[PDB]
Peer 1: 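If you scroll down you'll find the structure; I have some questions about it.
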Amino acid sequence: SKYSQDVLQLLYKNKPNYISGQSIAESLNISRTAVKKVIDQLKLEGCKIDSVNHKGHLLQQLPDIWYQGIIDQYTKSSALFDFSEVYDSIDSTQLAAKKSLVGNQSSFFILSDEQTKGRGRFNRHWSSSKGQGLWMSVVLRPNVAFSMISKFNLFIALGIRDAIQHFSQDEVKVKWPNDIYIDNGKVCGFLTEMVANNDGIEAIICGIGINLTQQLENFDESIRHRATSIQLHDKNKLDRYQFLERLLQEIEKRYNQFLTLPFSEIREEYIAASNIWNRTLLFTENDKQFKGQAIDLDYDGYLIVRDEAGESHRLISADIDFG
Ligand SMILES: Nc1ncnc2c1ncn2CCCCNS(=O)(=O)NC(=O)NCCCC[C@@H]1SC[C@@H]2NC(=O)N[C@@H]21
């Protein structure tokens, strides 16, 4: 309905108190009977709303669906983000973000319950199941040189890891430079892109995909053994709204660190949170592949690699597989 988001927002704003049907009706200038119809539909979509005679309605729990009216509250109180766009389905939040950033200096994020053309690094297919993951693109406006893209990627990794770690009883680790793992399971892939020229960055677009509630059966058999979800490591129901709130918190925290701190001030923290050490790694580099060991991460965020032949490498980025 036309007023479903408006009603949902009123319910959300008024927690933990009940709000009467009459008061919603007056707030939105619609009838009591249209308020009731909207609320029945919200409950049908899986909103847990307690309704009590003479008292009104209390929103108790939201379903695994993104609602614009709720997310609007997140951006209203955000010092970072001007707005969000929320979709049930699109080709890709990253395509959408890249179109929406043109011609303005707004900071914003784009969420979709489902992506039909999710793409990771090297245009690889990213599986984006409806109602099972956070598929999001974040657009930010750092006033910095284009070479700073690499350090942004390192800072944001730690924020995403921290947000996920709050909900996982199991160790969450970063694989440099672009993924998050729980044990052998990839729980998140992110990538950082930019629009830029020699005078500076016009926008950062960080595309973030986080598996929230997949069971193992919900991953294609080709990736099942290398994929996992937060829910598979959380004894409690993962609430996607609680999680998003924590994720935006950490993104903002790490973005402000990115603007103010050298990478050397988080380099040790990064190293202790990574899962690339003390193991043979497989590198892909255009048409050639080689094996090696990660020796160090230097003050600039470059990986120091000693390959199979004993030769050292210093890498701004790499395409790394475990085995
Ligand atoms: N759901 C899943 N979970 C675990 N594994 C899966 C999987 N789907 C496929 N695979 C195996 C294949 C991985 C190959 N990619 S990677 O090179 O290893 N790293 C990587 O791509 N990072 C960046 C990912 C960017 C996704 C976000 S989403 C929102 C935004 N909009 C969009 O379009 N992109 C971005």
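All values below were derived from every heavy atom in this structure, side-chain atoms included, with hydrogens, water molecules and symmetry-related copies excluded. Numbers here are sequence positions counted from 1.
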Peer 1: Counting distance only, does the side-chain N/O of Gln68 pair as donor-acceptor with the main-chain N or O of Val86 below 3.5 Å?
Peer 2: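 Yes: the side chain of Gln68 pairs with the backbone of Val86.
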
Peer 1: Specify the closest pair of heavy atoms between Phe155 and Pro262, including all atoms of both residues, with the distance to one decimal.
Peer 2: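 For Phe155 and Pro262, the tightest heavy-atom pair comes out as CZ-O, 4.0 Å.
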
Peer 1: Within a strict 4.5 Å, meaning less than it, do heavy atoms of the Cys47 and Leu62 side chains meet?
Peer 2: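 They are in side-chain contact.
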
Peer 1: Could you tell me the separation between the OG1 atom of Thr213 and the CG atom of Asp239, rounded to the nearest 0.5 Å?
Peer 2: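 Answer for the OG1-CG pair, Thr213 versus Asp239, is 11.0 Å.
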
Peer 1: Does any pair with a residue in residues 179-189 pass salt bridge (charged side-chain N to carboxylate O under 4.0 Å, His left out), and if so which ones, sequence neighbours excluded?
Peer 2: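 Counting only pairs at least two positions apart or across chains, the salt bridge (charged side-chain N to carboxylate O under 4.0 Å, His left out) contacts touching residues 179-189 are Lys175-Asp179, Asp179-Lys186.
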
Peer 1: To the nearest 0.5 Å, how far apart are CD in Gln242 and NZ in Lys237?
Peer 2: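 That separation rounds to 9.0 Å.
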
Peer 1: Thinking salt bridges, do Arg124 and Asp319 make one under a 4.0 Å N-O criterion?
Peer 2: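 Salt bridge flag = yes for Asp319 with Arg124.
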
Peer 1: Looking only at side-chain N and O atoms, does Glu114 offer a donor or acceptor that is under 3.5 Å from a partner on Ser129?
Peer 2: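 Result is no, nothing qualifies.
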
Peer 1: Taking only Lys NZ, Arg NE, NH1 and NH2, and the carboxylate oxygens of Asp or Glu, determine whether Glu217 and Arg224 approach each other closer than 4.0 Å.
Peer 2: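 Not counted as a salt bridge, because no side-chain N and carboxylate O are separated by less than 4.0 Å.
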
Peer 1: Are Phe108 and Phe81 an aromatic pair by the rule of ring centers under 6.0 Å?
Peer 2: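 Ring centres of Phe81 and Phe108 not closer than 6.0 Å.
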
Peer 1: Output yes when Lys291 and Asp307 qualify as a salt bridge under the 4.0 Å nitrogen-oxygen rule, no when they do not.
Peer 2: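 No, no charged N to carboxylate O under 4.0 Å.
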
Peer 1: Does anything in residues 46-75 form a salt bridge (charged side-chain N to carboxylate O under 4.0 Å, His left out)? List the pairs, not counting sequence neighbours.
Peer 2: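 Listed by first then second residue: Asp64-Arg240.
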
Peer 1: Distance alone, cut at 3.5 Å: any donor-acceptor contact between the side chains of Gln41 and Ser1?
Peer 2: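 No.
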
Peer 1: If you look at every heavy atom in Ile149 and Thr192, which pair is closest and at what distance?
Peer 2: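 For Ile149 and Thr192, the tightest heavy-atom pair comes out as CD1-O, 3.5 Å.
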
Peer 1: For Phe290 together with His313, are the ring centres under 6.0 Å from each other?
Peer 2: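 So the answer is yes for these two rings.
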
Peer 1: Nearest heavy-atom pair of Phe152 and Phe258: which atoms, and what distance?
Peer 2: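 In terms of heavy atoms, the two residues are closest at N-CE1, 3.3 Å.
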
Peer 1: Would you please say whether a donor-acceptor pair under 3.5 Å links the side chains of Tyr3 and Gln5?
Peer 2: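 Result is no, nothing qualifies.
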
Peer 1: Please determine if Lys36 and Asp40 form a salt bridge, counting it only when a charged side-chain N lies under 4.0 Å from a carboxylate O.
Peer 2: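 Yes, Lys36 and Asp40 are salt-bridged.
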
Peer 1: Taking ring-ring contact (aromatic ring centres under 6.0 Å, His included) as the definition, give me every residue that meets it alongside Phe322, ordered by chain and number, with sequence neighbours left out.
Peer 2: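 Partners of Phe322 by the ring-ring contact (aromatic ring centres under 6.0 Å, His included) criterion, ordered by chain and then number, come out as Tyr181.
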
Peer 1: Between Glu250 and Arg254, does any side-chain N to carboxylate O distance fall below 4.0 Å?
Peer 2: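 Not counted as a salt bridge, because no side-chain N and carboxylate O are separated by less than 4.0 Å.
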
Peer 1: Quick test of your reading of the model: are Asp88 and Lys130 salt-bridged, counting only N-O distances below 4.0 Å?
Peer 2: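 So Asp88 does not pair with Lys130 through a salt bridge.
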
Peer 1: Under 6.0 Å between ring centres: does that hold for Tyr241 and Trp66?
Peer 2: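 For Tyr241 and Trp66, the ring centres are under 6.0 Å apart.
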
Peer 1: Could you tell me whether the side chains of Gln214 and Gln231 share a donor-acceptor contact shorter than 3.5 Å?
Peer 2: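 No - no donor-acceptor pair under 3.5 Å links their side chains.
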
Peer 1: For the atom pair NE2 (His166) and CD (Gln249), what is the distance rounded to the nearest 0.5 Å?
Peer 2: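 Answer for the NE2-CD pair, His166 versus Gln249, is 9.0 Å.
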
Peer 1: Would you say the ring centers of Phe263 and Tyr299 fall short of 6.0 Å from each other?
Peer 2: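 No: the rings miss the under 6.0 Å criterion.
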
Peer 1: Would you check if there is a donor-acceptor pair between the side chains of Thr284 and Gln289 at a distance under 3.5 Å?
Peer 2: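 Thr284 and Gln289 do have a side-chain donor-acceptor pair below 3.5 Å.
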
Peer 1: Are a donor atom and an acceptor atom from the side chains of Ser137 and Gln94 found within less than 3.5 Å of each other?
Peer 2: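 There is such a pair (donor and acceptor under 3.5 Å, judged by atom type) between the side chains of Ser137 and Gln94.
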
